[PDB]
Each structure stands twice: as C-alpha cells, then as structure tokens.
$ cat input_7.txt   # compact mmCIF, C-alpha atoms and all ligand atoms
# COMPACT_ATOMS: atom_id res chain seq x y z
CA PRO S 1 94.52 104.51 101.09
CA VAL S 2 93.18 100.96 100.95
CA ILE S 3 90.98 100.56 97.87
CA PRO S 4 88.37 97.76 97.94
CA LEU S 5 87.78 95.69 94.81
CA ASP S 6 84.20 95.44 93.60
CA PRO S 7 82.97 94.09 90.23
CA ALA S 8 80.09 96.60 90.34
CA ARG S 9 82.25 99.59 91.29
CA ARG S 10 85.36 100.39 89.25
CA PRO S 11 88.37 101.57 91.29
CA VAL S 12 88.64 105.05 89.81
CA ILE S 13 90.58 108.07 91.07
CA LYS S 14 90.92 111.80 90.42
CA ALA S 15 94.22 112.56 88.71
CA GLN S 16 95.71 115.86 87.60
CA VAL S 17 97.48 115.21 84.30
CA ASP S 18 100.12 117.50 82.81
CA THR S 19 100.80 116.63 79.17
CA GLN S 20 103.11 119.67 78.94
CA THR S 21 101.20 120.82 75.84
CA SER S 22 98.48 122.69 77.73
CA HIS S 23 97.52 123.48 81.33
CA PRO S 24 97.20 120.54 83.77
CA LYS S 25 93.72 118.97 83.85
CA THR S 26 91.86 116.74 86.29
CA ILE S 27 90.46 113.46 84.97
CA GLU S 28 88.94 110.32 86.44
CA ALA S 29 91.22 107.35 85.80
CA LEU S 30 90.87 103.60 86.23
CA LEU S 31 93.36 102.00 88.60
CA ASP S 32 94.44 99.03 86.51
CA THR S 33 96.99 96.47 87.71
CA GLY S 34 96.44 94.57 84.46
CA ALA S 35 97.75 97.51 82.43
CA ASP S 36 101.47 97.55 81.67
CA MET S 37 101.32 101.22 80.72
CA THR S 38 99.21 104.31 81.43
CA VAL S 39 96.61 105.55 78.93
CA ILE S 40 95.31 109.14 78.76
CA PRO S 41 92.58 110.77 76.60
CA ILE S 42 93.50 112.64 73.41
CA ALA S 43 91.24 115.43 74.71
CA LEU S 44 94.00 116.44 77.14
CA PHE S 45 96.17 117.55 74.21
CA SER S 46 96.13 120.54 71.88
CA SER S 47 95.52 120.32 68.14
CA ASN S 48 99.15 120.75 67.04
CA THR S 49 100.69 118.09 69.29
CA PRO S 50 102.90 115.47 67.55
CA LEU S 51 102.59 111.85 68.70
CA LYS S 52 104.40 108.62 67.80
CA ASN S 53 102.60 105.72 66.11
CA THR S 54 102.33 102.29 67.73
CA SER S 55 100.51 98.96 67.89
CA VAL S 56 99.29 97.70 71.27
CA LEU S 57 97.95 94.30 72.34
CA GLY S 58 94.29 94.48 73.33
CA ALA S 59 91.13 92.39 73.71
CA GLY S 60 90.61 92.56 69.96
CA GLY S 61 94.22 91.50 69.48
CA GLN S 62 96.37 94.17 67.88
CA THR S 63 94.92 97.67 67.66
CA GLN S 64 97.16 99.29 65.04
CA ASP S 65 95.14 102.50 65.23
CA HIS S 66 93.86 104.51 68.18
CA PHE S 67 96.85 104.32 70.52
CA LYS S 68 99.79 106.72 70.27
CA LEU S 69 102.85 107.50 72.40
CA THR S 70 103.71 110.95 73.71
CA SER S 71 107.06 112.40 72.67
CA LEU S 72 107.42 114.20 76.00
CA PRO S 73 107.02 112.90 79.56
CA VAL S 74 103.64 113.08 81.28
CA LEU S 75 103.20 114.27 84.87
CA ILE S 76 100.36 112.96 87.04
CA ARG S 77 99.33 114.16 90.49
CA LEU S 78 97.13 112.18 92.88
CA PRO S 79 94.81 113.90 95.42
CA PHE S 80 96.79 113.00 98.55
CA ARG S 81 100.16 113.73 96.93
CA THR S 82 102.16 116.89 96.24
CA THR S 83 104.98 115.19 94.35
CA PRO S 84 103.99 114.06 90.84
CA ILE S 85 104.26 110.77 89.00
CA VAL S 86 106.53 111.30 86.00
CA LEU S 87 106.09 108.90 83.10
CA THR S 88 108.81 108.98 80.45
CA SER S 89 106.08 108.26 77.94
CA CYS S 90 102.54 106.90 78.03
CA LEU S 91 99.75 105.82 75.70
CA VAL S 92 97.22 108.23 74.24
CA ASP S 93 93.73 107.02 73.34
CA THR S 94 92.59 108.82 70.19
CA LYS S 95 89.31 107.00 69.46
CA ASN S 96 87.62 107.01 72.84
CA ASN S 97 88.91 108.87 75.89
CA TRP S 98 90.01 106.08 78.21
CA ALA S 99 91.90 107.09 81.34
CA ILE S 100 93.94 104.26 82.83
CA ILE S 101 96.57 104.39 85.56
CA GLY S 102 98.87 101.50 84.68
CA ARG S 103 101.62 99.76 86.66
CA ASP S 104 104.18 102.23 85.32
CA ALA S 105 102.47 104.90 87.41
CA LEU S 106 101.47 102.60 90.27
CA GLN S 107 105.10 101.56 90.81
CA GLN S 108 106.09 105.21 91.24
CA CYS S 109 103.64 105.74 94.10
CA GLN S 110 104.79 102.36 95.41
CA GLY S 111 101.33 100.82 95.15
CA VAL S 112 100.85 97.13 95.85
CA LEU S 113 98.19 94.49 95.34
CA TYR S 114 97.28 92.68 98.55
CA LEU S 115 95.57 89.30 98.80
CA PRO S 116 94.98 88.18 102.43
CA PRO D 1 100.97 88.00 100.20
CA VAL D 2 101.86 91.52 99.08
CA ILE D 3 102.28 91.83 95.31
CA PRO D 4 104.36 94.80 94.09
CA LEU D 5 103.19 96.63 90.96
CA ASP D 6 105.81 96.72 88.22
CA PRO D 7 105.42 97.73 84.55
CA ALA D 8 108.01 95.11 83.57
CA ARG D 9 106.61 92.27 85.68
CA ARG D 10 102.88 91.48 85.51
CA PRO D 11 101.08 90.53 88.75
CA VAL D 12 100.24 86.92 87.93
CA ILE D 13 98.99 84.02 90.03
CA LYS D 14 98.68 80.24 89.72
CA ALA D 15 94.98 79.41 90.00
CA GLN D 16 93.11 76.11 89.77
CA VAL D 17 90.04 76.64 87.60
CA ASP D 18 86.99 74.38 87.72
CA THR D 19 84.80 74.95 84.67
CA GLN D 20 82.57 72.03 85.74
CA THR D 21 82.75 70.76 82.15
CA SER D 22 86.08 68.97 82.56
CA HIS D 23 88.74 68.22 85.17
CA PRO D 24 90.03 71.21 87.21
CA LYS D 25 93.28 72.64 85.85
CA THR D 26 95.89 75.05 87.19
CA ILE D 27 96.65 78.07 85.02
CA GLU D 28 98.61 81.29 85.34
CA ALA D 29 96.26 84.25 85.54
CA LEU D 30 96.75 88.01 85.41
CA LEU D 31 95.59 89.83 88.54
CA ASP D 32 93.63 92.70 87.03
CA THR D 33 91.84 95.44 88.99
CA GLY D 34 90.74 96.96 85.69
CA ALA D 35 88.71 93.90 84.73
CA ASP D 36 85.04 93.90 85.71
CA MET D 37 84.80 90.19 85.00
CA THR D 38 87.15 87.19 85.00
CA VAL D 39 88.42 85.65 81.75
CA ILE D 40 89.46 82.02 81.33
CA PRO D 41 90.91 80.21 78.28
CA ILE D 42 88.53 78.05 76.24
CA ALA D 43 91.14 75.29 76.51
CA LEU D 44 89.86 74.42 79.99
CA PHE D 45 86.48 73.36 78.58
CA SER D 46 85.34 70.38 76.52
CA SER D 47 84.35 70.49 72.85
CA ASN D 48 80.64 69.94 73.55
CA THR D 49 80.22 72.65 76.19
CA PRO D 50 77.49 75.21 75.39
CA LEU D 51 78.54 78.86 75.74
CA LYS D 52 76.64 82.13 75.38
CA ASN D 53 77.52 84.73 72.75
CA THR D 54 77.98 88.30 73.96
CA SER D 55 79.60 91.71 73.50
CA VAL D 56 82.57 92.91 75.56
CA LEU D 57 84.37 96.26 75.29
CA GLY D 58 88.13 95.91 74.95
CA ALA D 59 91.20 97.85 73.85
CA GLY D 60 90.97 96.86 70.19
CA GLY D 61 87.77 98.79 69.56
CA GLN D 62 84.66 96.72 70.23
CA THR D 63 84.55 92.93 69.89
CA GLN D 64 81.70 90.42 70.06
CA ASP D 65 83.33 87.32 68.57
CA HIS D 66 86.27 86.96 70.96
CA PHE D 67 84.59 86.28 74.28
CA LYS D 68 81.74 83.99 75.27
CA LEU D 69 79.90 83.55 78.57
CA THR D 70 79.94 80.34 80.59
CA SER D 71 76.70 78.41 81.06
CA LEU D 72 77.71 76.95 84.41
CA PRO D 73 79.37 78.71 87.37
CA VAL D 74 83.17 78.62 87.59
CA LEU D 75 85.17 77.72 90.69
CA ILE D 76 88.66 79.11 91.24
CA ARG D 77 91.07 78.11 94.00
CA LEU D 78 94.16 80.11 94.98
CA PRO D 79 97.43 78.58 96.26
CA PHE D 80 97.16 77.05 99.76
CA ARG D 81 93.41 77.71 99.73
CA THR D 82 90.66 75.08 99.76
CA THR D 83 87.55 77.28 99.79
CA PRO D 84 86.88 78.24 96.15
CA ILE D 85 86.02 81.55 94.55
CA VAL D 86 82.61 81.03 92.97
CA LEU D 87 81.69 83.02 89.88
CA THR D 88 78.12 82.72 88.61
CA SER D 89 79.43 83.44 85.12
CA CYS D 90 82.65 84.67 83.54
CA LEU D 91 84.13 85.42 80.13
CA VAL D 92 85.72 82.79 77.90
CA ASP D 93 88.51 83.80 75.54
CA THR D 94 87.97 81.65 72.45
CA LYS D 95 91.02 83.03 70.65
CA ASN D 96 94.25 83.91 72.46
CA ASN D 97 93.38 81.90 75.58
CA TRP D 98 93.81 84.74 78.07
CA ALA D 99 93.59 84.16 81.81
CA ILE D 100 92.45 87.21 83.74
CA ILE D 101 91.29 87.41 87.35
CA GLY D 102 88.84 90.31 87.52
CA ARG D 103 87.35 92.22 90.44
CA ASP D 104 84.50 89.72 90.68
CA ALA D 105 87.00 87.11 91.89
CA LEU D 106 89.24 89.61 93.70
CA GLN D 107 86.28 90.63 95.86
CA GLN D 108 85.71 87.08 97.11
CA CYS D 109 89.31 86.70 98.25
CA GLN D 110 89.06 90.19 99.76
CA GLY D 111 91.87 91.54 97.61
CA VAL D 112 92.61 95.25 97.82
CA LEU D 113 94.64 97.90 96.03
CA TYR D 114 96.89 99.81 98.42
CA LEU D 115 98.54 103.15 97.67
CA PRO D 116 100.97 104.29 100.41
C1 LIG Z 201 98.35 98.86 78.28
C2 LIG Z 201 97.01 98.19 77.98
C3 LIG Z 201 95.94 98.87 78.83
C4 LIG Z 201 96.69 98.39 76.49
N1 LIG Z 201 97.06 96.75 78.30
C5 LIG Z 201 95.98 95.87 78.34
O1 LIG Z 201 94.99 96.10 77.68
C6 LIG Z 201 96.00 94.61 79.17
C7 LIG Z 201 96.36 93.41 78.26
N2 LIG Z 201 96.19 92.11 78.94
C8 LIG Z 201 96.42 90.97 78.03
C9 LIG Z 201 96.89 89.75 78.79
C10 LIG Z 201 96.01 88.70 79.03
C11 LIG Z 201 96.42 87.58 79.74
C12 LIG Z 201 97.71 87.51 80.21
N3 LIG Z 201 98.59 88.56 79.97
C13 LIG Z 201 98.18 89.68 79.27
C14 LIG Z 201 94.85 91.99 79.55
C15 LIG Z 201 94.61 93.16 80.52
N4 LIG Z 201 94.67 94.45 79.81
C16 LIG Z 201 94.26 95.56 80.68
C17 LIG Z 201 92.74 95.56 80.90
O2 LIG Z 201 92.50 95.36 82.28
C18 LIG Z 201 92.19 96.93 80.48
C19 LIG Z 201 90.76 97.28 80.95
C20 LIG Z 201 90.37 98.70 80.46
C21 LIG Z 201 88.90 99.11 80.45
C22 LIG Z 201 88.10 99.05 81.58
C23 LIG Z 201 86.77 99.43 81.52
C24 LIG Z 201 86.23 99.88 80.32
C25 LIG Z 201 87.02 99.94 79.19
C26 LIG Z 201 88.35 99.56 79.25
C27 LIG Z 201 89.77 96.31 80.34
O3 LIG Z 201 89.96 95.90 79.22
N5 LIG Z 201 88.66 95.88 81.03
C28 LIG Z 201 87.56 95.15 80.37
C29 LIG Z 201 87.75 93.71 80.58
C30 LIG Z 201 88.90 92.97 80.39
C31 LIG Z 201 88.84 91.61 80.66
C32 LIG Z 201 87.65 91.04 81.10
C33 LIG Z 201 86.51 91.80 81.28
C34 LIG Z 201 86.58 93.15 81.02
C35 LIG Z 201 85.44 94.16 81.15
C36 LIG Z 201 86.21 95.48 81.00
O4 LIG Z 201 86.38 96.07 82.29
$ encode --input "input_7.txt" --output "structure tokens"
Amino acid sequence: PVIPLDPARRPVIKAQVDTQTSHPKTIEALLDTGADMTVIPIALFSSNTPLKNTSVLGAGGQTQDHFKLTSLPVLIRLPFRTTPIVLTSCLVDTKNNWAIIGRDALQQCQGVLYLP
Amino acid sequence: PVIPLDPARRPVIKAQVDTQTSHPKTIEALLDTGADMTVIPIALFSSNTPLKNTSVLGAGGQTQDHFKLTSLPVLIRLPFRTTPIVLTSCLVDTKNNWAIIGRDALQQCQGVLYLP
C-alpha cells in the first residue's frame, strides 16, 4: 500500500515477529527508512535467551548499552503478506521497547521511497 | 524519482538549506520516515545565531544537549525544484552535524512510502 508521510502521524504497522525463542507475537513497528537495521523489543524474548553485545550509533552518539544482536534469525510477517521477512540478525532494544522496521526488512518486501 | 530501500545504501539526497542566518548551502541529507522533525548541521548557521534549548528522544537514551531548535523558519529546496519546503522550526545538531529530512519536510514534497 501507499503510506503517506505526516509529521503528526508516525508511519506504523502491525507486524508478527518470530524470535524463534517463543511463540510469534504481533507488535506495532515504526517504518523507518533512516534505520539501517531492524530493532525489536526485548519483551518478545524469553528469560534464558542469549544475545550478542554491540555498540550502535544513535542520537546520543554511541550507545554501548541497550542494543543487542540476536544469535538466530528473526522472522517478520506483515498483514497483507503470507511469506515472511527473514532477517539474518537484528537489533534488540533492552532498555525501552522500540519496534523499528529498518531497510534490511524493507528491502525484502521490495519497499521504495517515492518523491514526486 | 523512486528510491530503493537498501540496508547497505542509505537513501540520501542533495538539498539546499536556507537557515536565513547565512547563505543557502547544499548538503547531503538522510531521507528518514522515522524522523518526526528535520535535523540540520549547526555548520550552516552563523556564530551569533540564537537557538532554543530542548529535549529530543534518540537512540542513545535521552539527550537534551545535542539538539537545539531554530529561531527562524528553514527553507529547503530539492534538486530541480524552485519552490521551497518551509519548516516553521527544525532541530539543529550541534555535535556530529547530522542532516536528516524528517516527515515534516517529506509531507511538503508529498513523499510516500510504498510497499508492493
Ligand atoms: C539502526 C538505528 C535505528 C540504530 N539507526 C539510527 O538510529 C539512524 C542513525 N542515523 C544517523 C545518521 C545521521 C545523518 C546521516 N547519516 C546517518 C539517523 C537516523 N537514525 C534512525 C532514526 O530515524 C530512528 C528514529 C527512531 C524513533 C522514532 C520515534 C521515537 C523514538 C525513536 C528516531 O530517532 N526518530 C527521532 C528523531 C530523529 C531525528 C530527528 C527528530 C527525531 C524525533 C524522533 O522521531
């Protein structure tokens, strides 16, 4: 679908996320062309799930803390799609619970940005 | 133009920014559907320009020293376009000199996100 861009209304979407550690869950995620990589909430995971450490570039510079990588791929299903997005790895937000569909996922559903 | 979304290649654009505090300059800016507001480098301004202090949520926790608000509106022109995007106010990166075109600007050029 064509998704209008509005400063007052974030372009969010329902996404079923399978972290392969528990049952697939539906979240509301921000469609973010400015994001190199997808971010999912730590709440999607179980308590015994191992994650890799990392340091990501953010608005406050380097955040050497609340972002981790999954060891296993992450599967994401959009409402109008049966076939899933399969990310080799993606970021996990451990402080807050940000949900961000990055260009890694957007490429897989062949999404484009269009300026008239 | 149609801009493909690619985790390895950021959707950037060359945009002429008029801060109305110095001569208009062309910068490279990230096209970002996840940004509520536009960010421009403080380099485009003069040393005597008054700016407002504020608080902006970003990846690296929560910052309130990084970004400032403009006092005057900002005009942005896209390639081969004479009629300017007019932003009443936008963020000013006083540190890493980021250039981000948010949904405030993307709305005025009628930009859309398209998922096939
Ligand atoms: C993979 C990861 C997500 C960590 N990457 C980023 O953070 C990139 C980095 N570049 C770095 C970069 C900068 C310049 C050139 N190349 C790379 C700048 C662009 N961001 C993506 C941002 O668009 C992320 C969003 C996320 C968000 C939205 C709403 C609420 C919380 C978090 C974001 O930061 N948006 C905020 C935001 C951001 C800018 C301006 C205003 C606002 C308001 C707010 O919406």
$ closest_residue --input "input_7.txt" --among "D:113, D:105, D:56, D:74" --to "ligand LIG 201 (chain Z)" --atoms "only C-alpha atoms and all ligand atoms"
D:56
$ closest_atom_pairs --input "input_7.txt" --of "chain D" --to "ligand LIG 201 (chain Z)" --cutoff "9 Å" --atoms "all atoms listed in the file" --output "CSV"
residue,atom,partner,partner_atom,distance
D:10,CA,Z:LIG201,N3,7.6
D:12,CA,Z:LIG201,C12,8.1
D:28,CA,Z:LIG201,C12,8.1
D:29,CA,Z:LIG201,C12,6.4
D:30,CA,Z:LIG201,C12,5.3
D:31,CA,Z:LIG201,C15,8.7
D:32,CA,Z:LIG201,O2,5.6
D:33,CA,Z:LIG201,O2,6.7
D:34,CA,Z:LIG201,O2,4.2
D:35,CA,Z:LIG201,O4,4.0
D:36,CA,Z:LIG201,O4,4.3
D:37,CA,Z:LIG201,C33,4.4
D:38,CA,Z:LIG201,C32,5.5
D:39,CA,Z:LIG201,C32,5.5
D:56,CA,Z:LIG201,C35,6.4
D:57,CA,Z:LIG201,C25,6.0
D:58,CA,Z:LIG201,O3,4.6
D:59,CA,Z:LIG201,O1,5.7
D:60,CA,Z:LIG201,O1,8.5
D:67,CA,Z:LIG201,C32,8.9
D:90,CA,Z:LIG201,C33,8.4
D:91,CA,Z:LIG201,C32,6.7
D:96,CA,Z:LIG201,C10,8.3
D:97,CA,Z:LIG201,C11,7.7
D:98,CA,Z:LIG201,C11,4.2
D:99,CA,Z:LIG201,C11,4.9
D:100,CA,Z:LIG201,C11,5.6
D:101,CA,Z:LIG201,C32,8.1
D:102,CA,Z:LIG201,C32,6.6
$ atom_distance --input "input_7.txt" --atom1 "atom CA of residue 86 of chain S" --atom2 "atom CA of residue 106 of chain S"
10.9 Å
$ closest_residue --input "input_7.txt" --among "S:89, S:94, S:61, S:42" --to "chain D" --atoms "only C-alpha atoms"
S:61
$ calpha_fit_rmsd --input "input_7.txt" --fixed "chain D" --moving "chain S"
0.5 Å
$ axis_aligned_box --input "input_7.txt" --around "segment 88-100 of chain D" --padding-each-side "5 Å" --output "AutoDock Vina command-line options"
--center_x 86.2 --center_y 84.4 --center_z 79.6 --size_x 26.1 --size_y 15.6 --size_z 28.0
$ build_atoms --input "input_7.txt" --residues "segment 36-50 of chain D" --atoms "N, CA, C and O atoms" --output "short mmCIF file (atom, residue, chain, number, x, y, z; two decimals), keeping the file's coordinate frame"
data_model
loop_
_atom_site.label_atom_id
_atom_site.label_comp_id
_atom_site.auth_asym_id
_atom_site.auth_seq_id
_atom_site.Cartn_x
_atom_site.Cartn_y
_atom_site.Cartn_z
N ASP D 36 86.31 94.04 85.01
CA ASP D 36 85.04 93.90 85.71
C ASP D 36 84.73 92.43 85.93
O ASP D 36 84.16 92.05 86.95
N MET D 37 85.12 91.60 84.97
CA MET D 37 84.80 90.19 85.00
C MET D 37 86.03 89.35 84.69
O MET D 37 86.95 89.80 84.01
N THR D 38 86.03 88.12 85.18
CA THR D 38 87.15 87.19 85.00
C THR D 38 87.12 86.56 83.60
O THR D 38 86.05 86.30 83.06
N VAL D 39 88.30 86.35 83.02
CA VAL D 39 88.42 85.65 81.75
C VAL D 39 89.21 84.36 81.92
O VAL D 39 90.26 84.35 82.57
N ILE D 40 88.72 83.27 81.34
CA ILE D 40 89.46 82.02 81.33
C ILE D 40 89.58 81.47 79.91
O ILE D 40 88.70 81.70 79.08
N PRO D 41 90.69 80.77 79.62
CA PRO D 41 90.91 80.21 78.28
C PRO D 41 89.87 79.15 77.95
O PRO D 41 89.41 78.44 78.84
N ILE D 42 89.51 79.03 76.67
CA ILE D 42 88.53 78.05 76.24
C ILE D 42 89.12 76.64 76.28
O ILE D 42 88.40 75.65 76.19
N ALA D 43 90.44 76.57 76.45
CA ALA D 43 91.14 75.29 76.51
C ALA D 43 90.69 74.44 77.70
O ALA D 43 90.75 73.21 77.65
N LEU D 44 90.25 75.11 78.76
CA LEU D 44 89.86 74.42 79.99
C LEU D 44 88.53 73.68 79.86
O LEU D 44 88.19 72.87 80.72
N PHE D 45 87.79 73.96 78.80
CA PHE D 45 86.48 73.36 78.58
C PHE D 45 86.57 72.15 77.66
O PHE D 45 87.63 71.83 77.13
N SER D 46 85.43 71.48 77.48
CA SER D 46 85.34 70.38 76.52
C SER D 46 84.72 70.88 75.22
O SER D 46 84.18 71.99 75.17
N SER D 47 84.79 70.07 74.18
CA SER D 47 84.35 70.49 72.85
C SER D 47 82.83 70.60 72.71
O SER D 47 82.33 71.24 71.79
N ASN D 48 82.10 69.97 73.63
CA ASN D 48 80.64 69.94 73.55
C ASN D 48 79.96 70.93 74.49
O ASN D 48 78.73 71.00 74.54
N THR D 49 80.75 71.70 75.23
CA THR D 49 80.22 72.65 76.19
C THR D 49 79.51 73.83 75.53
O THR D 49 80.10 74.51 74.68
N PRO D 50 78.25 74.07 75.91
CA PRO D 50 77.49 75.21 75.39
C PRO D 50 77.92 76.52 76.05
O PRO D 50 78.06 76.59 77.27
#
